[PDB]
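Asks: Submitted below is the structure of interest, expressed as structure tokens.
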Amino acid sequence: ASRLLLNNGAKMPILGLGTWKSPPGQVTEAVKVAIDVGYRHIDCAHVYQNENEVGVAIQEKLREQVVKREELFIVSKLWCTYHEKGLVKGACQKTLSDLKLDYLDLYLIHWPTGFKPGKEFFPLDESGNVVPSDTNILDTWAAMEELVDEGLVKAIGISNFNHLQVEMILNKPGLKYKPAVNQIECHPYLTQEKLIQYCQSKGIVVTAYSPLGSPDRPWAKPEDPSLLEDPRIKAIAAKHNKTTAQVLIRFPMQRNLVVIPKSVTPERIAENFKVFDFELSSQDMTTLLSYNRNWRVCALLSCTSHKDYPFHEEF
Ligand SMILES: NC(=O)c1ccc[n+]([C@@H]2O[C@H](COP(=O)([O-])OP(=O)(O)OC[C@H]3O[C@@H](n4cnc5c(N)ncnc54)[C@H](OP(=O)(O)O)[C@@H]3O)[C@@H](O)[C@H]2O)c1
Ligand SMILES: O=C(O)Cc1nn(Cc2nc3cc(C(F)(F)F)ccc3s2)c(=O)c2nccnc12
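Just so you know, the entry's author numbering puts 257 at position 257 of the sequence shown, and the rest follows in order with no gaps.
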């Protein structure tokens with residue numbers, strides 16, 4: 001229906017609101033609107049630099065009695081500069097303090113790559129290479145497991161992990177908690193068929209990020225493809241009397257993925273939720289899958305020699 005079962009027994013809403021690039025001055029209103037029109041899943045991160053303002057909106061709607069806390073599914077992520085085992089708890093507590101919550105529904109390792117700890121989110125050397133930390137995936141995972149044991153988070157997962165990285169965790173000797181979710185970039189130009197098959201086969205729920213192709217991403221080039229403007233996808237939308245955005249959001253839902261489109265624009269927040277009253281056909285699905293180009297929008301050149309860089313592998 002509208003939620004997917006996780007390995008902890010919780011039900012994760014299949015549609016959530018993304019908040020990357022939602023400025024602090026606009027995100028509070030965005031979240032308020034989203035909760036009013038039915039969103040019950042918000043995707044957050046420390047690196048988005050807006051958790052306080054998301055937290056404001058959630059607090060206001062709890063106090064207004066619009067929703068109760070157990071009806072909300074709040075996700076955040078551990079940033080790359082906090083992979084050291086001793087920094088993980090503090091990072092989670094900082095996120096909880098900013099969001100004004102006492103627990104998260106889901107906390108992800110944001111990227112498999114640890115960066116040098118410090119004030120800078122992207123510590124670069126003078127030649128522009130990211131500076132790694134001497135952290136590894138398995139030790140970071142162990143610190144994430146402690147958060148569940150301490151009741152700060154209900155479920156833990158990963159983001160931007162390739163299948164070998166997922167495998168590494170699943171095969172961890174003394175594994176305490178299996179990853180619940182892998183959050184990955186997924187859209188018609190990067191359909192992720194092998195990694196989705198892998199993760200679903202392993203009972204890991206997949207969340208599709210950048211489902212509209214992140215047209216506001218800060219490194220977009222003029223000559224880059226644009227999903228929302230793809231005349232072929234416009235044609236599918238017109239046939240169903242829907243928008244291109246609604247098709248792009250429905251697409252992952254029919255693959256049994258969670259999807260988290262971002263908007264700060266109230267009309268679009270509402271538009272993006274109106275995706276439960278139509279179905280894409282088998283032909284439409286096949287057609288959208290056929291647009292795959294292995295075109296990835298979320299990666300940084302500056303990280304490509306990190307030992308744990310995820311996107312050298314086929315999947
Ligand atoms: N785990 C990770 O590493 C990671 C990476 C990337 C993204 N994410 C998550 O996934 C979320 C979504 O990805 P994203 O932010 O990259 O991009 P996206 O959701 O693919 O696209 C957002 C862009 O599309 C616009 N838009 C939204 N609804 C629209 C509609 N109905 N019609 C036309 N334009 C529309 C937004 O404009 P306005 O906001 O101005 O309306 C914004 O410019 C993020 O916000 C974040 O929560 C996670
Ligand atoms: O991380 C997100 O959820 C979205 C996001 N993506 N990016 C592109 C990035 N790409 C990467 C790539 C790596 C990698 F794992 F080394 F591959 C590690 C960290 C990053 S962050 C930003 O530069 C970035 N900068 C600020 C805030 N968010 C971002």
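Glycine included, every Cβ here is placed at the ideal spot set by N, Cα and C.
1. Which same chain residues end up closer than 6 Å to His306 when comparing Cβ atoms and leaving out the 5 residues on each side of it in sequence?
2. Leaving out the 5 sequence neighbours to the left and right, which residues in its chain are closer than 7 Å to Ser22 when beta-carbon positions are compared?
3. For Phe273, does the three-state DSSP call read helix, strand or coil?
4. Just the C-alpha distance for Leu4 and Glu271, rounded to the nearest angstrom, thanks.
5. Heavy atom of ligand 1 less than 7 Å from the Cβ of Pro179, yes or no?
6. Since I believe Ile158 is in contact with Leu108 (beta carbons under 8 Å), could you give me their beta-carbon distance rounded to a whole number of angstroms?
7. Below 7 Å, is the gap between the Cβ of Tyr309 and the nearest heavy atom of ligand 2?
8. For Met12, which of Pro310, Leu300 and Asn256 has the nearest alpha-carbon?
9. Assuming contact is defined by CB atoms lying nearer than 8 Å, are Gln246 and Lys221 in contact in what I supplied?
10. Just to confirm my understanding: we take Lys242, look at its own chain, exclude 5 residues before and 5 after, and list those with CB closer than 7 Å. What are they?
11. Would you say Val47 touches ligand 2, meaning its beta carbon is less than 7 Å from a heavy atom?
12. Which stretch, first to last residue, makes up the alpha helix (DSSP H) that contains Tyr107?
13. Please classify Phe251: is it buried, with 16 or more other beta-carbons within 10 angstroms of its beta-carbon, or exposed?
14. Roughly how many angstroms separate the alpha carbons of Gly86 and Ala143, rounded to a whole number?
15. My parser needs the alpha helix (DSSP H) runs of 4 or more residues fully inside the stretch 76-106; what are they?
16. Excluding the 5 residues flanking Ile196 on each side, which residues of the same chain have their C-beta closer than 6 Å to its C-beta?
17. Applying the criterion that 16 or more other CB atoms from any shown protein chain within 10 Å of the CB defines a buried residue, is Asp125 buried or exposed?
18. What first and last residue would you give for the beta strand (DSSP E) that runs through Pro13?
19. Ignore the nearest five residues each way along the sequence and tell me which others in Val37's own chain have a CB closer than 8 Å to its CB.
Replies: For this structure:
1. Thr113 and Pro132
2. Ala30, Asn50, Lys262 and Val264
3. helix
4. 22 Å
5. no
6. 6 Å
7. yes
8. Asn256
9. no
10. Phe278
11. yes
12. That residue, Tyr107, is in no alpha helix (DSSP H); its beta strand (DSSP E) goes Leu106 to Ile109.
13. buried
14. 8 Å
15. 85-99
16. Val206
17. exposed
18. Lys11 to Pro13
19. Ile269, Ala270 and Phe273
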